[PDB]
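Beneath this line is the structure, given in structure tokens, with notes to follow.
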Amino acid sequence: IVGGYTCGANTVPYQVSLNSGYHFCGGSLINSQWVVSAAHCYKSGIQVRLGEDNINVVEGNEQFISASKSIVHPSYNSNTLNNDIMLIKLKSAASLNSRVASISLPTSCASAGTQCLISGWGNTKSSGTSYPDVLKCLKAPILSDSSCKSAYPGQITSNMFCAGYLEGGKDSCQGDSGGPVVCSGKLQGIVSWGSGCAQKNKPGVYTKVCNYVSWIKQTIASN
Ligand SMILES: NC(=[NH2+])c1ccc2nc(-c3ccccc3O)[nH]c2c1
Ligand SMILES: [Ca+2]
Ligand SMILES: [Zn+2]
């Protein structure tokens, strides 16, 4: 997260860290055995780390659970990043409490102007790499589709939306990939892509979760 602030320990209880010997992506806990992340975060050997604040220190509240299976959306296109969503089933259920909680899936899509909270342990530099020890937060608004499409002509599908600032300086970045964009307590987006990070006129692009609610429910119901 570039230009964000320290969330505060466990203030984002649905945030998870996907780890393979280091933190490589974020995700959101949507129930005690399933996490939603981005398809471009796929790899084998994933350990999901819940209740984290400092990812380099065991401070208490952490629960480390291995992923039993990862389900990349069948129509995921790694070249356009269309359908950039993945579901991870945990080997055992997480113990939910005030520090580890699930976030609700939306019933309707959010409108341009809705203010959302994006969080993660991704890079904090737009120029350079600095990855933080504790979770970073950023409040950002969903932009209009005309603004999004004007910034990324021909690259925005109906399964994406832009959120952020056009002046630059505040954005999610690599490492934040797969993490949550929560608006009015509903998970509306997944950190997906953008041209660099926090560059002017190049807002972040997010997977539009409202378009996948039935796919998520059906998939979870059959696995
Ligand atoms: N600016 C942004 N909002 C953004 C967010 C997530 C990203 N994840 C990447 C990314 C780029 C190349 C290879 C792996 C990545 O996870 N770039 C990103 C950019
Ligand atoms: Ca920790
Ligand atoms: Zn990424």
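Read the figures in this text as sums done on the coordinates, not as results from a lab. Backbone-built Cβ (ideal geometry, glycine too); neighbour counts: all protein chains shown.
Structure data summary
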read-out: Average projected area [Cα convex hull, the stretch 84-208], square nanometres; value: 8.4 nm²
read-out: Ellipsoid equivalent to the chain - semi-axes via the Cα gyration tensor, in Å; value: 25, 20, 15
read-out: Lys, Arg +1 and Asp, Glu -1 on Cβ, resulting dipole of the stretch 63-185 about Cα centre, debye, nearest 20; value: 340 debye
read-out: Residue (of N31, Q199, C137) at the positive-pole extreme of the chain, dipole from beta-carbon charges; value: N31
read-out: Size of electric dipole in the chain: Cβ of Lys, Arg +1 and of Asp, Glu -1, about Cα centre, debye, nearest 20; value: 320 debye
read-out: Percent breakdown of C-alpha pair distances by 5 Å bin, ordered from the shortest bin, for the stretch 1-115; value: 2, 11, 20, 21, 21, 14, 7, 2
read-out: Residue-by-residue Karplus 3J(HN,Hα) for the stretch 136-152, coefficients 6.51, -1.76, 1.60, Hz, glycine and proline x; value: 10, 10, 8, 9, 8, x, 7, 8, 7, 5, 5, 5, 4, 5, 6, 7, 10
read-out: Distance violations [Cα-Cα > 20 Å] among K91/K186; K149/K208; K69/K139; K149/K202; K125/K149; value: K91/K186; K69/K139; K125/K149
